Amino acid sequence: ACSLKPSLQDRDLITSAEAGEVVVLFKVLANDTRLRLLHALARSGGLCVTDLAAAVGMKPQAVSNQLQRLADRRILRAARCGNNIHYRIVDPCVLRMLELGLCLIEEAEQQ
């Protein structure tokens, strides 16, 4: 089978409060639309809602509330000028989780 990393075998059992915080992040990524939006935001380093909706092939109204909720959770920053709202990822934890997910997909391709 597989075995926990040798240097991580000395950490005390994660507490419930510790688990809930990381679970918030896992919940955020456990959704294909959020994953795709976060991936698009990560490649570009930030897009307005019109360009973002375009990249993931959806109507802006289909993704606008989801982005706002991500900003509510302090995972994105929403910069409004006029009616243009530009989003970018400000939580590096969410980014590292996404990167590991991308690694697993490449490896699934056997590459």
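Position 1 is the first residue in the sequence shown; the rest follow in order.
- Look at the C-alpha B-factors of 5-13 and of 87-95. On average they run higher in 5-13.
- Just going by the entry, 59-67 versus 34-42 on mean CA temperature factor gives the higher value to 59-67.
- Sort the modelled residues of the chain by CA B factor and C81 lands in the highest third.
- Per-chain ranking of the deposited C-alpha B factor places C103 in the highest third.
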